[PDB]
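Comments concern the structure below.
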Amino acid sequence: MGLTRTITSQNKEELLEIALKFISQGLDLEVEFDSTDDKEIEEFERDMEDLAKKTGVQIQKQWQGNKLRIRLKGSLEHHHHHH
């Protein structure tokens with residue numbers, strides 16, 4: 001349970017920390033990185049994917065114009081299998 005809020009920030013780093021906060025509790029979170037800089041987007045992707053791996057959850061990448069919105073599903077379903 002929880003309201004999957006949409007955080008639009010031009011800083012991906014804060015989005016990574018707030019991500020870990022929600023997923024650790026078992027909440028779904030939606031963030032969008034407002035930037036067109038490939039290098040910063042690389043860090044946003046790989047860390048959100050890395051988070052998903054370590055927590056055993058999936059993500060949803062959607063390019064909105066050229067701004068990468070990643071929806072994280074902290075509460076996927078029921079599988080307690082490590083990955």
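Ordered as shown in the structure tokens, chains take letters A, B, and onward, while each chain numbers its residues from 1 and ligands are numbered from 1 in the order shown.
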
* Shell of 7 Å around residue A:31, only C-alpha atoms, local chain residues under 6 positions omitted, as a ChimeraX atom specification -> /A:6-8,15,69-71

Those same residues, written as an mmCIF file, in the first residue's frame with N, CA and C atoms?
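Saved file part-v3.cif follows:
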data_model
loop_
_atom_site.group_PDB
_atom_site.id
_atom_site.type_symbol
_atom_site.label_atom_id
_atom_site.label_comp_id
_atom_site.auth_asym_id
_atom_site.auth_seq_id
_atom_site.Cartn_x
_atom_site.Cartn_y
_atom_site.Cartn_z
ATOM 1 N N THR A 6 5.149 11.157 -7.810
ATOM 2 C CA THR A 6 5.984 11.455 -8.975
ATOM 3 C C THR A 6 6.898 12.640 -8.624
ATOM 4 N N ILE A 7 8.178 12.336 -8.395
ATOM 5 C CA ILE A 7 9.201 13.326 -8.042
ATOM 6 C C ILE A 7 9.988 13.696 -9.311
ATOM 7 N N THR A 8 9.849 14.949 -9.776
ATOM 8 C CA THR A 8 10.575 15.443 -10.961
ATOM 9 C C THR A 8 11.704 16.361 -10.474
ATOM 10 N N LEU A 15 17.289 11.463 -5.894
ATOM 11 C CA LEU A 15 16.281 10.506 -6.378
ATOM 12 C C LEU A 15 16.691 9.071 -6.008
ATOM 13 N N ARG A 69 11.971 8.984 -16.964
ATOM 14 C CA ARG A 69 11.100 8.626 -15.849
ATOM 15 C C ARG A 69 11.237 7.127 -15.541
ATOM 16 N N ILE A 70 11.751 6.798 -14.345
ATOM 17 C CA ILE A 70 11.865 5.411 -13.875
ATOM 18 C C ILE A 70 10.893 5.202 -12.700
ATOM 19 N N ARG A 71 9.912 4.305 -12.895
ATOM 20 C CA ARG A 71 8.990 3.878 -11.838
ATOM 21 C C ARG A 71 9.528 2.576 -11.212
#

* stretch 26-29 of chain A surroundings by only C-alpha atoms, 8 Å radius, close-in-sequence under 5 positions cut, as a list in words -> residues 1, 2, 3, 4, 5, 6, 19, 71, 72, 73, 74 and 75 of chain A

Can I get the selected residues back with N, CA and C atoms, as a short mmCIF file (atom, residue, chain, number, x, y, z; two decimals), in the first residue's frame?
data_model
loop_
_atom_site.label_atom_id
_atom_site.label_comp_id
_atom_site.auth_asym_id
_atom_site.auth_seq_id
_atom_site.Cartn_x
_atom_site.Cartn_y
_atom_site.Cartn_z
N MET A 1 0.85 -1.21 0.00
CA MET A 1 0.00 0.00 0.00
C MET A 1 0.88 1.26 0.00
N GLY A 2 0.38 2.34 -0.59
CA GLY A 2 1.10 3.61 -0.66
C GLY A 2 0.76 4.37 -1.92
N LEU A 3 0.93 5.69 -1.87
CA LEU A 3 0.68 6.58 -3.02
C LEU A 3 1.99 6.71 -3.80
N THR A 4 2.05 6.09 -4.99
CA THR A 4 3.21 6.15 -5.88
C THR A 4 3.35 7.58 -6.46
N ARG A 5 3.95 8.46 -5.64
CA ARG A 5 4.19 9.87 -5.98
C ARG A 5 5.20 10.00 -7.13
N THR A 6 5.15 11.16 -7.81
CA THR A 6 5.98 11.45 -8.97
C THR A 6 6.90 12.64 -8.62
N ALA A 19 14.68 6.90 -3.35
CA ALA A 19 14.33 5.59 -3.93
C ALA A 19 14.53 4.48 -2.90
N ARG A 71 9.91 4.30 -12.89
CA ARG A 71 8.99 3.88 -11.84
C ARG A 71 9.53 2.58 -11.21
N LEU A 72 9.78 2.64 -9.91
CA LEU A 72 10.32 1.55 -9.10
C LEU A 72 9.16 0.85 -8.39
N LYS A 73 9.10 -0.49 -8.44
CA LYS A 73 8.02 -1.27 -7.80
C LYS A 73 8.53 -2.06 -6.59
N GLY A 74 8.63 -1.33 -5.47
CA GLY A 74 9.06 -1.88 -4.18
C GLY A 74 8.23 -3.07 -3.73
N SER A 75 6.91 -2.98 -3.96
CA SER A 75 5.97 -4.09 -3.74
C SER A 75 5.54 -4.66 -5.11
#

* Apply DSSP to the backbone of this structure and, from stretch 25-75 of chain A, keep only the residues in alpha helix (DSSP H); write these as a ChimeraX atom specification. => /A:25,38-55

* **Interatomic distance, atom CA of residue A:58 to atom CA of residue A:83 (Å, one decimal)** =>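 A separation of 10.2 Å between them.
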
* **Nearest to residue A:33 by atom-to-atom distance, counting only C-alpha atoms, from A:61, A:81, A:12, A:53** => A:12

* To do: Find, counting only C-alpha atoms, the residue in A:45, A:22, A:78, A:10 that gets nearest to residue A:62.
  =>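 So, comparing all the options, the nearest one is A:45.
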
* **DSSP strand (DSSP E or B) residues within chain A, as number ranges by chain** => A: 6-9, 28-33, 59-64, 67-73

Next, write the just-selected residues to a file, as an mmCIF file, in the first residue's frame, keeping N, CA, C and O atoms as the atom set.
data_model
loop_
_atom_site.group_PDB
_atom_site.id
_atom_site.type_symbol
_atom_site.label_atom_id
_atom_site.label_comp_id
_atom_site.auth_asym_id
_atom_site.auth_seq_id
_atom_site.Cartn_x
_atom_site.Cartn_y
_atom_site.Cartn_z
ATOM 1 N N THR A 6 5.149 11.157 -7.810
ATOM 2 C CA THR A 6 5.984 11.455 -8.975
ATOM 3 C C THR A 6 6.898 12.640 -8.624
ATOM 4 O O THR A 6 6.438 13.785 -8.514
ATOM 5 N N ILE A 7 8.178 12.336 -8.395
ATOM 6 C CA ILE A 7 9.201 13.326 -8.042
ATOM 7 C C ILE A 7 9.988 13.696 -9.311
ATOM 8 O O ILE A 7 10.710 12.858 -9.854
ATOM 9 N N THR A 8 9.849 14.949 -9.776
ATOM 10 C CA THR A 8 10.575 15.443 -10.961
ATOM 11 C C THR A 8 11.704 16.361 -10.474
ATOM 12 O O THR A 8 11.447 17.462 -9.978
ATOM 13 N N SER A 9 12.948 15.883 -10.581
ATOM 14 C CA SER A 9 14.131 16.613 -10.109
ATOM 15 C C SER A 9 15.230 16.574 -11.163
ATOM 16 O O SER A 9 15.385 15.586 -11.885
ATOM 17 N N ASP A 28 6.147 1.559 -3.600
ATOM 18 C CA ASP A 28 6.404 1.895 -5.006
ATOM 19 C C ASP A 28 6.641 3.413 -5.100
ATOM 20 O O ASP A 28 5.932 4.194 -4.455
ATOM 21 N N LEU A 29 7.612 3.821 -5.915
ATOM 22 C CA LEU A 29 7.994 5.237 -6.084
ATOM 23 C C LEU A 29 8.151 5.513 -7.574
ATOM 24 O O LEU A 29 8.582 4.638 -8.318
ATOM 25 N N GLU A 30 7.784 6.719 -8.018
ATOM 26 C CA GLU A 30 8.004 7.150 -9.397
ATOM 27 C C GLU A 30 8.852 8.424 -9.375
ATOM 28 O O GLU A 30 8.511 9.393 -8.699
ATOM 29 N N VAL A 31 9.984 8.391 -10.072
ATOM 30 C CA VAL A 31 10.889 9.543 -10.214
ATOM 31 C C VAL A 31 11.152 9.807 -11.703
ATOM 32 O O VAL A 31 11.095 8.891 -12.523
ATOM 33 N N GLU A 32 11.416 11.071 -12.035
ATOM 34 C CA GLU A 32 11.779 11.505 -13.387
ATOM 35 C C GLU A 32 12.974 12.446 -13.273
ATOM 36 O O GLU A 32 12.914 13.451 -12.551
ATOM 37 N N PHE A 33 14.060 12.088 -13.953
ATOM 38 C CA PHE A 33 15.271 12.892 -14.006
ATOM 39 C C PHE A 33 15.142 13.923 -15.137
ATOM 40 O O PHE A 33 15.138 13.564 -16.326
ATOM 41 N N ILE A 59 11.965 -2.373 -12.488
ATOM 42 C CA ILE A 59 11.783 -0.939 -12.797
ATOM 43 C C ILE A 59 10.944 -0.772 -14.081
ATOM 44 O O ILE A 59 10.647 -1.753 -14.781
ATOM 45 N N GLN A 60 10.566 0.480 -14.370
ATOM 46 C CA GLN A 60 9.853 0.859 -15.596
ATOM 47 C C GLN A 60 10.504 2.138 -16.152
ATOM 48 O O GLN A 60 10.271 3.227 -15.632
ATOM 49 N N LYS A 61 11.357 1.991 -17.184
ATOM 50 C CA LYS A 61 11.971 3.144 -17.871
ATOM 51 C C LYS A 61 11.017 3.665 -18.956
ATOM 52 O O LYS A 61 10.531 2.890 -19.782
ATOM 53 N N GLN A 62 10.749 4.970 -18.929
ATOM 54 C CA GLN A 62 9.940 5.662 -19.936
ATOM 55 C C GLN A 62 10.599 7.007 -20.253
ATOM 56 O O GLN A 62 10.805 7.823 -19.351
ATOM 57 N N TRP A 63 10.956 7.222 -21.522
ATOM 58 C CA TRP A 63 11.522 8.493 -21.983
ATOM 59 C C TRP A 63 10.383 9.464 -22.336
ATOM 60 O O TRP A 63 9.647 9.258 -23.307
ATOM 61 N N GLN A 64 10.255 10.513 -21.519
ATOM 62 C CA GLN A 64 9.235 11.556 -21.653
ATOM 63 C C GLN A 64 9.918 12.757 -22.315
ATOM 64 O O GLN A 64 10.629 13.521 -21.648
ATOM 65 N N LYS A 67 13.494 13.123 -21.064
ATOM 66 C CA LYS A 67 13.637 13.125 -19.599
ATOM 67 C C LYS A 67 13.236 11.736 -19.108
ATOM 68 O O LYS A 67 12.099 11.299 -19.331
ATOM 69 N N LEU A 68 14.166 11.043 -18.446
ATOM 70 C CA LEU A 68 13.996 9.620 -18.135
ATOM 71 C C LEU A 68 13.217 9.439 -16.824
ATOM 72 O O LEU A 68 13.720 9.730 -15.735
ATOM 73 N N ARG A 69 11.971 8.984 -16.964
ATOM 74 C CA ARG A 69 11.100 8.626 -15.849
ATOM 75 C C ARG A 69 11.237 7.127 -15.541
ATOM 76 O O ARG A 69 10.900 6.286 -16.378
ATOM 77 N N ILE A 70 11.751 6.798 -14.345
ATOM 78 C CA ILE A 70 11.865 5.411 -13.875
ATOM 79 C C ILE A 70 10.893 5.202 -12.700
ATOM 80 O O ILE A 70 11.008 5.866 -11.661
ATOM 81 N N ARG A 71 9.912 4.305 -12.895
ATOM 82 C CA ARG A 71 8.990 3.878 -11.838
ATOM 83 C C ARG A 71 9.528 2.576 -11.212
ATOM 84 O O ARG A 71 9.714 1.570 -11.896
ATOM 85 N N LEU A 72 9.777 2.638 -9.912
ATOM 86 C CA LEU A 72 10.321 1.546 -9.104
ATOM 87 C C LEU A 72 9.157 0.846 -8.387
ATOM 88 O O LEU A 72 8.311 1.526 -7.796
ATOM 89 N N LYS A 73 9.104 -0.495 -8.438
ATOM 90 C CA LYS A 73 8.019 -1.266 -7.804
ATOM 91 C C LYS A 73 8.531 -2.056 -6.587
ATOM 92 O O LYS A 73 8.856 -3.248 -6.660
#

* Take atom CA of residue A:82 and atom CA of residue A:56 and report the distance between them in Å, one decimal. =>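 Atom CA of residue A:56 lies 6.4 Å from atom CA of residue A:82.
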
* Length of the atom CA of residue A:24 to atom CA of residue A:49 vector [Å] ->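 For atom CA of residue A:24 relative to atom CA of residue A:49, the distance reads 14.8 Å.
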